[PDB]
Structure formats: C-alpha cells, structure tokens
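I have placed the structure first, in the form of structure tokens, so that the comments after it can refer back to it.
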Amino acid sequence: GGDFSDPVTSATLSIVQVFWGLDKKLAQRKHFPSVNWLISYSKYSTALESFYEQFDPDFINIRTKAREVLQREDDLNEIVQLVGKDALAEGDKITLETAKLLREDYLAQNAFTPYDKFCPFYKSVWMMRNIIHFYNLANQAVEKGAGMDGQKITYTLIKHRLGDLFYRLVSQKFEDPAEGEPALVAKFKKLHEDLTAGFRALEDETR
Amino acid sequence: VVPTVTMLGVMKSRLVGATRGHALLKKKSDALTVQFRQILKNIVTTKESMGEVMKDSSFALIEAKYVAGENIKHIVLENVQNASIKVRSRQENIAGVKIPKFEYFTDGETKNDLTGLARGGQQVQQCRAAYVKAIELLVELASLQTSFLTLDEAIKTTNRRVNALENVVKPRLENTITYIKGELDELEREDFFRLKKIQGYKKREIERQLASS
Amino acid sequence: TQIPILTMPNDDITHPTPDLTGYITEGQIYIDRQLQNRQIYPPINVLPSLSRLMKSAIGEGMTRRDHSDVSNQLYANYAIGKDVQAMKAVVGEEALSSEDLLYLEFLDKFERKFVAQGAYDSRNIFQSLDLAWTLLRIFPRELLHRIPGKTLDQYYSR
C-alpha cells in the first residue's frame, strides 16, 4: 500500500545508509525518477567531501543552496495551497522560480532518450551552478534595483526580457552527452556567461 | 502521523472542530454576502441621484448664466455659495467588517458659506445639493468595496476548509482506523490463536505419551 | 420498563458496549460533560437525546393533548437558539435581528430555568408542560410555526 511503516521497510531503513525513497505522486505525474527529494536522505554526503573538494569547491555549497531552495519551495507550496497565489513576496516568487526549473529540468530525467539515458557528473555540476547562478542573480536584483519596485517586482519583466536565457536554461538538459564532452561543457559555460552578462546588464540598465 | 487510539481520538476531534468552524464561516460568509447585495442594491438605487441632481445643477447653471453671463470663476471659482468642501470620516462595523462612514461639507460637518452669486441660492439648491447624493454614493461604494474584499477572503477560507482541510483529515482518520483495527486487532487474535495451538499440541503430546506407557 | 444506565468510556459512542446496546434498545439519553461544567445539575443533552418511540407516550387519553406540539417547538427553538448563539459569537451580535435576541433569551431561560431542575424538585408532567408554555409564550403566537392550530388559541393566552 505504499506506507513506509511496513516491517520490511522499517528494518531496512534502520540499517541502510543512503536511501532513495520514491513517491507515487511523481510517478503519477510521469516525473520518471520519482525520487521524493523531501523524504529521501543520504548519510554519505560527509565522506565524499574530499572527492567534492578535489572535483569542484562550488558544488558543496550550491548543493546546500539547492536543498534550501527545495525546502522553501515545499513550505511555499504548503502556504499557497490555502492562502492563494497572490500576496506572495517577489523574493518568494523568485524562489518558486528556478525551483520549478530545478524540478522539471534537473531532477527530471526521461531515462528512455539518447540524452537522458546517461548523464556525466560534471554536466550535472554545471547544471546546478547555472540554476544557482540564476537564483543568485535574481535575488541580487531583488536586493537592489534603484527602488523596491525596480528591484523585486521586476520578475514579471525578467520573464520577458530574459526569456531566451530562461528557455536555454530549461533546454540545456536536452543535449546528449554522446555529442562530445568538450562540446557540452563549452555549451554550458557559454550559456552561463550569456545569462550572467544579460542579467547583469539589465540590472545595470535603467537601475 | 503515528497511529494510536489517542491519535485516532485527536484526529476525530480535529475533524469535528473543523466541521463546526466551516459551518460558522459559511454562516458568516452568507451574512456578509447578504450585506454586500444590500449595499449593491443601494448603490444601484442611488446611481439615479447622480443623474437627477446633475440635471438640476445644469438647469441652475443655465439660469445663472442667463442672469449674470460668464461667472467670475478664477479666484473664487464662483458657481456656488455653499460647499466649503472638507471631508470627515467614520468607521462603522457590520458583521465584523469595518465599513467606513463619510461626511463632508454640504453633506455633514465642516461646511461654510459666504455671499454667493446672483443665482447663488439656486446654484446651492441644485449644484451644491448634489453634494449629499455624492457623499452617499461614495459611502456606498466604499462599503461595497470593503464588503467585497471581506467576502472574498471569507469565501477563500471556507472553500479551503471544505476542500483541503476536511478532505485531508478524513483520509488520515481512515488510515489510523485501518492501522489499529486492521493490523493490531488481527495480530492479537493470531498471537492468541497460535498460543492456543501450542497448548493443544502440548496436551495432545502429553496424552499420547501417557497412552504409550 | 428498563432504563439501563451505561458508562461510555472515553466519552465516545464508538466503544463496543454503547455501540452494541444502541441497536438492541430504542433511545439514547446522553449526559453531556459540558452541561455538567456549565453547572446545570441535570446535564442531559436534550437536543442530541431522543426516544425512538416517544410518540406512543404522547397522546390524548394519556398525558395532555399539546405534548407533541410543545416538544417539537422546544426542540426547534433550542436548535435555533444554539445556532443564533454561535452566529453571535462571530457576527458581533449588533447585526442580530429581534428574533435572534428572542431566541438567545429563550435559550438562556431554557438552560437556566427548565433543564436545571433541583435534585428534589419533583415536577408533575402537567406543571412541566406549564413551564414549557411559559417559555414558549415569549414568541408571538404567529411565530410558533411548528404548533398546529386550535392549540395556540387554547394555551397561548395563558
């Protein structure tokens, strides 16, 4: 029946270290990985600190940022389920933004396609860095935009003036790793630089 | 949540309280909707005042123009003797909604007058007479806006309680009932049944051993 | 005639003994904890309570003619009074109409003068119905909708 109170599951989770719990709701929505990011856990994040450090110092922090974004998205969904989509702070709107992107473009994987059958690690690292960079740039604009209206309320304007880079962010997952590792890493870096330049200019234009 | 008899009782109490609160909120929303409908009807009725008093003011203005030609206007704006316009506000409460009340010059306090034009008496009796109708219309509009906002908030809360909260709790109560009765009660009988089987086996073994002697 | 007194554990009817005896019998006279807290000595929750065959006791030969009418009127008026009190808890009580205040005062009088019988104040059914009429006559003769004709004219005049 899906309840995790079964004697088998309880005994297993009493000793297993890493635990990839799944949710039936995501499977219903054709999510495909179906990994409930809110209940699953991994006790092994501590040991792999050395591997992360020798790989990339950014990942250990963007991972925490993404986890915080996910928790905030869960809380915001719980609030909006009764309060309503209005009266949300523009910072909260920016949090739900790129959280939708992380759900539908980073954690989601088709697993039956030439692009999502396999995914190299640093490709996921670049994906996470791009998403967190988008989040940080948006909140930097929220912090200072030559006025409160020009700082945070401009998310709707960003959705249009920055729409191309948003679409490229959500579509960067479609490229197959078989197309050559330098090609994909260069495409990711170029996307990051283009988004950074565009949003920095827009935040430095008229504000 | 963890299933237990105390948990089942707490969930049942929460469901009962939610049902009672939903009924109370529905009653409040119905009362607020009735008040809003009354305010809308009053505003619709008083809309015709904005035409009748306007026509009277226009007739008085034409009479004043025929009397003294072009009005002085400019420094004093002419066209009136009353209406030293100054507005005062009050806050009334209907069904818990702070409905504002409006009073102003020629429609309440803070009114003053001095001299006037030739037809200034007629202008006051027609152009300044529309001030009371305008104040009533403004008060009705403010009351309607406040009632609409309050009714929207109450309806959102009531709909959320009916759809989300109660339908969240009732599956929880069913799952708690199933976990206790469907498992614990079944296990208790099975445990005792196995114990009785052990006793019967012991008695049968003792009887067979005695018979073999 | 049996009036078995049964204790319902945990103050709920889902317990096996009350739920089991519910089918066999034909009524339920609940004692309510809140009424005991409200210091009404007989705390019988009259509105939840009912007799599945109370119609036989009411009649012309036995008891009095107006028994069913006054019973139904008291039931309905109590319900209305409880609803009006609940509304006044949230509507500020300023917007209540005259009938709302009538039902509020009737509810207060019914709780503090009718239900709260003394431990030794024996009451014949005739004077009990007289008290019921005393409480009822507050409403206008036309307001008691549940009362049939030829009864209001008989008793509403006091």
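Each chain of the structure tokens is named A, B, ... in the order shown, its residues numbered from 1; ligands are numbered from 1 in display order.
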Requested in this report: With a distance threshold of 12 Å and counting only C-alpha atoms, extract the residues of chain B near chain C and express them as a ChimeraX atom specification.
Outcome: /B:5-6,8-10,12-13,20-21,23-32,34-35,92-98,177
Report task. Would you mind listing what lies within 12 Å of residue 127 (chain B) as a PyMOL selection string, with only C-alpha atoms counted and same-chain residues fewer than 3 positions away left out? Result -> chain B and resi 50-64+78-83+106+119-124+130-134
Query - region 56-201 of chain B: residues DSSP assigns to strand (DSSP E), reported as a ChimeraX atom specification - result: /B:87-94,97-104
Query - Close residues, residue 91 (chain B) itself excluded, 8 Å, only C-alpha atoms, min 5 positions apart in chain, as a VMD selection string - result: chain B and resid 98 to 101
Output file for the residues above (N, CA, C and O atoms, as a CSV table (one decimal), in the first residue's frame):
chain,number,residue,atom,x,y,z
B,98,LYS,N,-15.2,46.6,9.0
B,98,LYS,CA,-15.1,48.0,9.3
B,98,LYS,C,-15.5,48.8,8.1
B,98,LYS,O,-14.7,49.4,7.4
B,99,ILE,N,-16.8,49.0,8.0
B,99,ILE,CA,-17.4,49.8,6.9
B,99,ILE,C,-17.2,51.2,7.2
B,99,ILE,O,-17.7,51.7,8.2
B,100,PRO,N,-16.6,52.0,6.3
B,100,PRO,CA,-16.4,53.4,6.6
B,100,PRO,C,-17.6,54.2,6.4
B,100,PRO,O,-18.5,53.9,5.7
B,101,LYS,N,-17.7,55.4,7.1
B,101,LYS,CA,-18.8,56.3,7.0
B,101,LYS,C,-18.2,57.7,6.7
B,101,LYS,O,-17.2,58.1,7.2
Requested in this report: Please return, as a count of residues only, all residues of chain A lying within 9 Å of chain B when only C-alpha atoms are considered.
Outcome: 4
Query raised in the report: Using only C-alpha atoms, which residues sit within 12 Å of residue 38 (chain A) once same-chain residues fewer than 6 positions away are excluded, as a ChimeraX atom specification?
Result: /A:19-23,66-75
Query raised in the report: Near residue 108 (chain B), within 10 Å and counting only C-alpha atoms, which residues show up once chain neighbours fewer than 2 positions away are dropped, as a PyMOL selection string?
Result: chain B and resi 86-88+102-106+110-111+131-132+135
Query - Picked from region 58-154 of chain A by DSSP as alpha helix (DSSP H), as a VMD selection string - result: chain A and resid 59 to 83 90 to 96 99 to 102 121 to 143 148 to 151
Which residues are near residue 145 (chain C)? Cut-off 12 Å, only C-alpha atoms, ignore same chain within fewer than 6 positions. Put them as a PDB file with N, CA, C and O atoms, in the first residue's frame.
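result.pdb, written as the output of this step:
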ATOM      1  N   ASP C  69     -46.762  18.871  20.204  1.00  0.00           N
ATOM      2  CA  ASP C  69     -46.548  20.213  19.681  1.00  0.00           C
ATOM      3  C   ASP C  69     -45.492  20.953  20.488  1.00  0.00           C
ATOM      4  O   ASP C  69     -44.544  21.515  19.926  1.00  0.00           O
ATOM      5  N   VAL C  70     -45.634  20.958  21.816  1.00  0.00           N
ATOM      6  CA  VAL C  70     -44.673  21.677  22.642  1.00  0.00           C
ATOM      7  C   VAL C  70     -43.303  21.018  22.562  1.00  0.00           C
ATOM      8  O   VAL C  70     -42.277  21.704  22.570  1.00  0.00           O
ATOM      9  N   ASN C  72     -41.925  19.402  19.944  1.00  0.00           N
ATOM     10  CA  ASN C  72     -41.299  19.791  18.685  1.00  0.00           C
ATOM     11  C   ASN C  72     -40.908  21.263  18.694  1.00  0.00           C
ATOM     12  O   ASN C  72     -39.831  21.632  18.207  1.00  0.00           O
ATOM     13  N   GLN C  73     -41.776  22.123  19.237  1.00  0.00           N
ATOM     14  CA  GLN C  73     -41.463  23.546  19.286  1.00  0.00           C
ATOM     15  C   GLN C  73     -40.239  23.811  20.148  1.00  0.00           C
ATOM     16  O   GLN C  73     -39.369  24.602  19.773  1.00  0.00           O
ATOM     17  N   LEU C  74     -40.151  23.151  21.307  1.00  0.00           N
ATOM     18  CA  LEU C  74     -38.982  23.313  22.161  1.00  0.00           C
ATOM     19  C   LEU C  74     -37.719  22.852  21.453  1.00  0.00           C
ATOM     20  O   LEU C  74     -36.689  23.532  21.507  1.00  0.00           O
ATOM     21  N   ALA C  76     -37.068  22.612  18.154  1.00  0.00           N
ATOM     22  CA  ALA C  76     -36.706  23.517  17.071  1.00  0.00           C
ATOM     23  C   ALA C  76     -36.185  24.842  17.609  1.00  0.00           C
ATOM     24  O   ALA C  76     -35.182  25.369  17.115  1.00  0.00           O
ATOM     25  N   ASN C  77     -36.846  25.392  18.629  1.00  0.00           N
ATOM     26  CA  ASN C  77     -36.422  26.670  19.180  1.00  0.00           C
ATOM     27  C   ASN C  77     -35.059  26.560  19.847  1.00  0.00           C
ATOM     28  O   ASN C  77     -34.254  27.490  19.767  1.00  0.00           O
ATOM     29  N   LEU C 136     -42.516  29.166  26.072  1.00  0.00           N
ATOM     30  CA  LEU C 136     -42.923  29.296  24.675  1.00  0.00           C
ATOM     31  C   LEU C 136     -43.623  30.622  24.404  1.00  0.00           C
ATOM     32  O   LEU C 136     -43.434  31.221  23.340  1.00  0.00           O
ATOM     33  N   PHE C 139     -42.446  34.049  22.353  1.00  0.00           N
ATOM     34  CA  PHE C 139     -42.568  34.292  20.929  1.00  0.00           C
ATOM     35  C   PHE C 139     -44.002  34.689  20.580  1.00  0.00           C
ATOM     36  O   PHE C 139     -44.947  34.313  21.276  1.00  0.00           O
ATOM     37  N   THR C 151     -54.499  24.768  19.131  1.00  0.00           N
ATOM     38  CA  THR C 151     -53.700  24.609  20.337  1.00  0.00           C
ATOM     39  C   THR C 151     -53.146  25.932  20.837  1.00  0.00           C
ATOM     40  O   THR C 151     -53.178  26.204  22.043  1.00  0.00           O
ATOM     41  N   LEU C 152     -52.640  26.764  19.923  1.00  0.00           N
ATOM     42  CA  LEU C 152     -52.196  28.101  20.296  1.00  0.00           C
ATOM     43  C   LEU C 152     -53.342  28.899  20.902  1.00  0.00           C
ATOM     44  O   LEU C 152     -53.193  29.516  21.959  1.00  0.00           O
TER      45      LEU C 152
END
Query - Nearest to residue 195 (chain A) by atom-to-atom distance, counting only C-alpha atoms, from A:144, A:160, A:133, A:207 - result: A:133
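Picture a line from CA of residue 138 (chain B) to CA of residue 46 (chain B); it runs 10.2 Å.
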**Report entry** residue 196 (chain A) environment, 10 Å, only C-alpha atoms, sequence neighbours closer than 3 positions dropped, as a count of residues only
**Finding:** 13
Query raised in the report: Between C:39, C:114, C:14, C:3, which is the closest to residue 51 (chain C) once you count only C-alpha atoms?
Result: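 Among C:39, C:114, C:14, C:3, it is C:3 that comes nearest to residue 51 (chain C).
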Query raised in the report: Quick one, how far is CA of residue 157 (chain C) from CA of residue 79 (chain C)?
Result: 24.9 Å
